[PDB]
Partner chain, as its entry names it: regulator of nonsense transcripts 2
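Given as structure tokens, the chain that follows is alone and in the form solved without the partner chain.
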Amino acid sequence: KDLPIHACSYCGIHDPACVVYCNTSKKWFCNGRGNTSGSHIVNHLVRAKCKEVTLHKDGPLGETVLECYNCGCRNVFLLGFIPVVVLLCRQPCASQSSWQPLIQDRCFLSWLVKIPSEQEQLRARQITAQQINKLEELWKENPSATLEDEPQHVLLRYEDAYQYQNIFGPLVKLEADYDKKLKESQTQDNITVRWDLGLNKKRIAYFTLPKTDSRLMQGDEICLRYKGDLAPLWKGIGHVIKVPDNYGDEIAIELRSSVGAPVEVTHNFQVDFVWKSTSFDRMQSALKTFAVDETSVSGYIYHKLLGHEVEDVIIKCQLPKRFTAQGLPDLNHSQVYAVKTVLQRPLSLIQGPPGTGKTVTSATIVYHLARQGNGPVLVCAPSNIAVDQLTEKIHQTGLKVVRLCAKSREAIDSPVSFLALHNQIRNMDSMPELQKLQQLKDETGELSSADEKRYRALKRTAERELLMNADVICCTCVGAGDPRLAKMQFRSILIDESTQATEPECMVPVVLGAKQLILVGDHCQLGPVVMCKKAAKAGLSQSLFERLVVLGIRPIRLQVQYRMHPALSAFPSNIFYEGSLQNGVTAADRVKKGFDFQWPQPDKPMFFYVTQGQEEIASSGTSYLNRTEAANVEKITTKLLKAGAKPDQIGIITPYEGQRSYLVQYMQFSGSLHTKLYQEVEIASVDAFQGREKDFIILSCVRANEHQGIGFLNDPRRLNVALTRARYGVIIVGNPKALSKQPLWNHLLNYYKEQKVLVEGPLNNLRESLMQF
């Protein structure tokens, strides 16, 4: 929804008491001066060459054309009051033969047209006098135009949410367009399908694509077309329920509609990846409302987000007697500090380094916010796993939590699916008619118009009730722009993994009425992914959290790590956290009991295992693999399991789909242990381990030739995530020469070598490598 029709055509102000409608130009202007020395009407009347004026319906005087009571002269520069008061022309009507100027000090009398307060004007578009000239110069022959007549780089500080929209807006468009072409380039042509039937009795299609790195996500939408000649032309939409993983390389989709699926036929399918504008629209719209709607975020948040100087404000509030939340672990001192500081200000950042209890700290905050009783607390993060991790912790506190997701993500199971709004509505025994309708619906996918109408009516009632009555609503950043949440307000908002969102993404939940906003994350960890290189270079890949940091806002840092053996945290702490991370567990706490595995350096549970075999490209696709390297990864995996580790306590991180896929196949084929044990060893790229941990982590670097690389190979931040998932042991497998083409990896290899932990030869008889860097 735009500005009201009575919005000042210059700065946006739309308080009916402060506006003046210009009869010739048919436009409204405000009685405030803003950036110039003189009001916005007066400045306009002068340059547009006008004099005739009508006041607003809801104004001190009502909807009336200003004119002299004597002669009806409508010239405002000639009008004025004589003292029980009369409006008269200075000459000759004020002349005693038949005084106060109406315009005085370059604007209208305050008690006929009110002057907007500083706040309103400080919130309006900051239009300069030199900008008025040019804008007013264009209206001359184009009364339609506005101020907008290689993309402009992101800034630290913004005059305006309007300037803000104008800078990020075109960045979002570059991303959306890029993404559309990307998605559309992905079409696969000669595809073989395996058909199946879920227990929910929906139709499922399995198929295998070339091996690619980009990624495909559960709940993504795929258009499956039959194009063979064993039958006729058929098209179906489905949503991804399986990506290639430890159970094999197949992608699986669940069809929306069961009906008419060509189950009998197998060859000649075409796979298209449906693009939707939704997330970009929601981003564009959040920019719009950030500019246009002054109730969408508080004055404080508004000025703070835009890089203005604001005096500190203490949020009034009753502190809990105890900061630790029921259901959750006792907080340490720095976490207690974070919770208490954060509750007492309108805006905060919290930095949660690996192993420091970011998630528990966020859940505890949310918990106290929810008990202050201001309606549902809004909680977001940029990714589905990070929302789910947060949802789960918050649930431990005993609060009513609703997890909201897209209708496309509905087929997806997670540990928190039982909390999903669509599942909760399904269990509403207070609503039998809705339940009956929902049964009917679960035979086809669809309903009759009279019933689909009824069902939508009831489903809306059911969604209002669970959403309005929740203590906490968890959803994705982009998901906060869901139409089911519009018409709701959220005064308290916590965004975790905010360091993974672009500014526009982050702002989507922000504009839903923020009065208190907490951004949690870690800018030394995962950042936003921006596919469009132009957009990237203009700044889009800088999260909101990062910009506020560079702007000089100090994040409260969580200080104690409880995950890692001290030897494992040393290097990331020294590199990313200026050696400030404190160890909450000892070396002794982090020696696995009866785990008889021989570390090269027995008291340092890490090593870099040198291999220098050749990388190759996948036989089907464009990703990389390393066969030498994979054999070694299995041997290590097998040693760890034989020494006492359990498959779910081990993770393998590699940047390439080629290597992931090869590793699963290789272990199933050549692993000496029972095949299923390997199936339970998670192999994936670094994204899938965010917020998660294992006892042991193996990295498989893959590349043996100098390269740009992807994931942890050329992003120090992803390397930081890779090095901090393990509690007990980290093993890196790879080729040092290929990797030392990197300041960081260079430092990592020097470090490991000084630590005597850069090694070669058979696992049974490891020697220190003689290479140097």
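Numbering follows the first chain given and starts at 1. Between two forms, the rigid core is the largest collection of C-alphas that superpose within 1.5 Å.
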Interresidue gap class [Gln318, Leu319; deposited sequence, unmodelled]: none
What is the count, as a class, of unmodelled deposited residues between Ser98 and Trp99: none, 1 to 3, 4 to 9, or 10 or more? 10 or more
Quick one: say whether 493 to 501 or 129 to 137 has the higher mean Cα B-factor in the deposited entry. 129 to 137
So 651 to 659 or 175 to 183, which one's hotter by mean CA B-factor in the entry? 175 to 183
Listed options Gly299, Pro329, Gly527, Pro232: highest C-alpha B factor recorded at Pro232
Top Cα B-factor in this entry, restricted to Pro509, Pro354, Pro151, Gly539, sits on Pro151
Lowest, middle or highest third: which one holds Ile13 when the chain's residues are ordered by CA B-factor from the entry? lowest
Of the three thirds of Cα B-factor ranks in this chain, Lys737 occupies the middle
CA B-factor placement of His747, once the chain's modelled residues are sorted into thirds: middle
Sorting the chain's CA B-factors, does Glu120 end up in the lowest, middle or highest third? middle
How does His56 rank on Cα B-factor within its chain, lowest, middle or highest third? highest
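There is also a form solved in complex with the partner chain; it is not shown, and the following applies to it.
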Is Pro743 close to the partner chain in the bound PDB entry, meaning a heavy atom pair under 4.5 Å apart or at it? no
Heavy atom to heavy atom, is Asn35 within 4.5 Å of the partner chain in the bound PDB entry? yes
Does any heavy atom of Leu199 come within 4.5 Å of a heavy atom of the partner chain in the bound PDB entry? no
Would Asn705 show up as a contact with the partner chain in the bound PDB entry if we use heavy atoms at 4.5 Å? no
If the cut-off is 4.5 angstroms on heavy atoms, which of these, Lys515, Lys534, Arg123, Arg90, is the one near the partner chain in the bound PDB entry? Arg90
Note: exactly one of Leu138, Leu440, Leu466, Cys73 sits with a heavy atom within 4.5 Å of the partner chain in the bound PDB entry, namely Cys73
For the partner chain in the bound PDB entry, the stretch among 581 to 589, 344 to 352, 103 to 111, 628 to 636 with residues bearing a heavy atom within 4.5 Å is 103 to 111
Are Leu434, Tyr455 and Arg460 jointly within 4.5 Å of the partner chain in the bound PDB entry, each by at least one heavy atom? no
If you fit the rigid core between the shown form and the other one, which of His368, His395, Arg409, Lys694 ends up with a C-alpha shift of 2 Å or more? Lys694
Examine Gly62 after superposing the rigid core and state whether its CA is displaced by 2 Å or more between the shown form and the other one. no
Superposing on the rigid core, does the Cα of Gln755 end up 2 Å or more away between the shown form and the other one? yes
Please check if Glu657 moves between the shown form and the other one, taking a CA shift of 2 Å or more relative to the superposed core as movement. yes
